[PDB]
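Here the structure comes first, spelled out in structure tokens, and everything after it is commentary.
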Amino acid sequence: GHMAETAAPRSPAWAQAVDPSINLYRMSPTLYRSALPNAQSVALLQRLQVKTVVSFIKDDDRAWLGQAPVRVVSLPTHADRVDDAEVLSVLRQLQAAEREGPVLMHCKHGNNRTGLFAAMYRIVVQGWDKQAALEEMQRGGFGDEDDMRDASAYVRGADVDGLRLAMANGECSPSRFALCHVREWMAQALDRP
């Protein structure tokens with residue numbers, strides 16, 4: 001895409017732009033990161049075995065995948081929802097999906113907030129090392145491991161009140177689309193002759 005490539009440290013061995021169209025980079029092969037949920041990503045997803053993509057859709061994800069049995073997942077990581085309870089809820093979701101293959105988590109415009117999870121998620125659920133955060137650290141999400149840039153934003157939400165009220169106000173709040181019944185109801189294929 002038209003992104004000024006004259007940024008970042010010297011060429012990361014870790015994150016390289018695999019597809020600069022949707023801004024998907026290669027990150028550690030137990031997780032992926034992108035930005036744009038564009039329908040042209042479908043073919044790429046299949047190659048990378050990415051059968052889990054975090055994107056927002058009213059209808060079934062099949063509407064843009066076509067025939068690709070990729071599962072688009074609805075995460076508690078909203079524009080600003082992520083509490084101390086929501087973060088765990090995110091963590092346990094991707095490590096569950098990892099059983100089927102690599103997972104693509106992203107935000108359309110929220111690269112730092114994606115890095116929030118992508119950095120340390122694998123450390124806490126997989127047992128990776130804190131250094132493994134380096135991937136999104138150098139991406140700008142964390143920026144620095146100690147003097148973390150965006151990480152603290154989530155932490156301001158993860159407060160004593162943030163945690164207790166997440167629980168206290170987290171009762172009777174289901175999803176109708178992805179939880180009630182209409183999930184994967186639309187079609188199995190909306191593409192291919």
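Residue names in the structure tokens use chain letters A, B, ... in the order shown, residue numbers from 1 in each chain, and ligand numbers from 1 in the order shown.
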
Next item on the list: With a distance cut-off of 8 Å and only C-alpha atoms, select the neighbouring residues of segment 121-126 of chain A, excluding the residue or stretch itself and same-chain residues fewer than 6 positions from it, and output the selection as a ChimeraX atom specification.
Entry: /A:91-92,95,132-133

Suppose we keep C-alpha atoms; can you now write the selection as a JSON list (two decimals), in the first residue's frame?
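Output contents, as saved in result13.json:
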[["chain", "number", "residue", "atom", "x", "y", "z"],
["A", 91, "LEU", "CA", -6.23, -14.46, 25.88],
["A", 92, "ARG", "CA", -8.12, -17.72, 26.32],
["A", 95, "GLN", "CA", -5.05, -20.02, 22.57],
["A", 132, "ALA", "CA", 9.02, -12.41, 22.81],
["A", 133, "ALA", "CA", 7.09, -9.17, 23.25]]

Check: Got a sec to tell me which of segment 24-170 of chain A DSSP assigns to strand (DSSP E or B), as a ChimeraX atom specification?
Finding: /A:24-26,32-34,52-53,71-72,104-106

Convert the current residue selection to file output with N, CA and C atoms, as an mmCIF file, in the first residue's frame.
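Dumped everything to result-v7.cif:
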data_model
loop_
_atom_site.group_PDB
_atom_site.id
_atom_site.type_symbol
_atom_site.label_atom_id
_atom_site.label_comp_id
_atom_site.auth_asym_id
_atom_site.auth_seq_id
_atom_site.Cartn_x
_atom_site.Cartn_y
_atom_site.Cartn_z
ATOM 1 N N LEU A 24 -0.565 -7.095 6.625
ATOM 2 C CA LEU A 24 -0.277 -8.274 7.361
ATOM 3 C C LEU A 24 1.181 -8.571 7.296
ATOM 4 N N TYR A 25 1.715 -8.767 8.433
ATOM 5 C CA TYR A 25 3.086 -9.051 8.597
ATOM 6 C C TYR A 25 3.195 -10.439 9.101
ATOM 7 N N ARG A 26 4.366 -10.964 9.075
ATOM 8 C CA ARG A 26 4.565 -12.237 9.629
ATOM 9 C C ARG A 26 5.049 -11.975 11.004
ATOM 10 N N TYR A 32 -0.723 -14.010 14.263
ATOM 11 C CA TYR A 32 -0.498 -13.089 13.167
ATOM 12 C C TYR A 32 -1.120 -11.740 13.471
ATOM 13 N N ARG A 33 -0.710 -10.722 12.722
ATOM 14 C CA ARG A 33 -1.215 -9.377 12.906
ATOM 15 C C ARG A 33 -1.438 -8.723 11.549
ATOM 16 N N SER A 34 -2.487 -7.970 11.451
ATOM 17 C CA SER A 34 -2.844 -7.274 10.237
ATOM 18 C C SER A 34 -3.538 -5.989 10.651
ATOM 19 N N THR A 52 -8.822 -18.304 11.599
ATOM 20 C CA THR A 52 -9.416 -17.496 12.632
ATOM 21 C C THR A 52 -9.009 -16.055 12.402
ATOM 22 N N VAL A 53 -9.967 -15.217 12.095
ATOM 23 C CA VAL A 53 -9.705 -13.813 11.847
ATOM 24 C C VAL A 53 -10.639 -12.967 12.691
ATOM 25 N N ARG A 71 -12.997 -18.911 10.615
ATOM 26 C CA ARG A 71 -13.865 -18.454 11.642
ATOM 27 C C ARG A 71 -13.487 -17.059 12.077
ATOM 28 N N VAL A 72 -14.343 -16.153 11.781
ATOM 29 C CA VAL A 72 -14.251 -14.814 12.268
ATOM 30 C C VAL A 72 -14.789 -14.789 13.677
ATOM 31 N N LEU A 104 -5.191 -14.906 13.380
ATOM 32 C CA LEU A 104 -5.014 -13.522 12.989
ATOM 33 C C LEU A 104 -5.892 -12.605 13.814
ATOM 34 N N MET A 105 -5.260 -11.873 14.661
ATOM 35 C CA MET A 105 -5.912 -10.879 15.452
ATOM 36 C C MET A 105 -5.467 -9.528 14.962
ATOM 37 N N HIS A 106 -6.387 -8.587 14.886
ATOM 38 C CA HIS A 106 -6.074 -7.280 14.358
ATOM 39 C C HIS A 106 -7.191 -6.314 14.668
#

Next item on the list: Return as number ranges by chain the full set of residues in segment 29-170 of chain A whose backbone-based DSSP assignment is helix (DSSP H, G or I).
Entry: A: 39-48, 62-65, 84-97, 111-126, 130-137, 151-157, 160-168

Check: For the atom pair atom CA of residue 187 of chain A and atom CA of residue 36 of chain A, what is the interatomic distance in Å to one decimal place?
Finding: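 Distance reported for this atom pair: 23.5 Å.
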
Check: Got a sec: who's within 6 Å of residue 84 of chain A, counting only C-alpha atoms, leaving out chain neighbours fewer than 2 positions off, as number ranges by chain?
Finding: A: 86-87, 158, 163

Print the selection's residues with N, CA, C and O atoms to a file, as a short mmCIF file (atom, residue, chain, number, x, y, z; two decimals), in the first residue's frame.
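Resulting contents of selection_26.cif:
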data_model
loop_
_atom_site.label_atom_id
_atom_site.label_comp_id
_atom_site.auth_asym_id
_atom_site.auth_seq_id
_atom_site.Cartn_x
_atom_site.Cartn_y
_atom_site.Cartn_z
N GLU A 86 -11.83 -8.69 30.51
CA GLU A 86 -11.96 -8.82 29.06
C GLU A 86 -10.67 -9.29 28.44
O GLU A 86 -10.68 -10.06 27.49
N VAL A 87 -9.55 -8.85 29.00
CA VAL A 87 -8.24 -9.20 28.48
C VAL A 87 -8.04 -10.74 28.53
O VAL A 87 -7.60 -11.33 27.56
N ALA A 158 -7.87 -1.39 33.33
CA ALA A 158 -7.78 -2.47 34.27
C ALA A 158 -7.35 -1.91 35.62
O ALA A 158 -6.17 -1.80 35.96
N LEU A 163 -12.11 -3.87 37.16
CA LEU A 163 -12.26 -5.30 37.26
C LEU A 163 -13.62 -5.64 37.90
O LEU A 163 -14.42 -6.37 37.33
#

Margin query: Using Å and a single decimal, report how far atom CA of residue 107 of chain A sits from atom CA of residue 138 of chain A.
Written below: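 A separation of 17.7 Å between them.
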
Next item on the list: Rank nothing, just name the residue among A:83, A:61, A:19, A:98 nearest to residue 49 of chain A, using only C-alpha atoms.
Entry: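 For residue 49 of chain A, the nearest of the given residues is A:98.
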
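Nearest to residue 174 of chain A of all the residues A:76, A:58, A:117, A:162 is A:76, based on only C-alpha atoms.
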
Restrict the calculation to only C-alpha atoms, then for each residue of segment 34-136 of chain A with any atom at most 10 Å from an atom of segment 176-181 of chain A give the closest atom pair and their distance in Å to one decimal, rows by chain and rising residue number, as a Markdown table.
| residue | atom | partner | partner_atom | distance |
| --- | --- | --- | --- | --- |
| A:57 | CA | A:177 | CA | 9.7 |
| A:58 | CA | A:177 | CA | 7.5 |
| A:59 | CA | A:177 | CA | 8.0 |
| A:60 | CA | A:177 | CA | 9.0 |
| A:72 | CA | A:178 | CA | 9.8 |
| A:73 | CA | A:178 | CA | 8.4 |
| A:74 | CA | A:178 | CA | 7.5 |

Item checked: Which residue of A:54, A:165, A:65, A:120 approaches residue 41 of chain A most closely, using only C-alpha atoms ->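 Using only C-alpha atoms, residue 41 of chain A sits closest to A:65.
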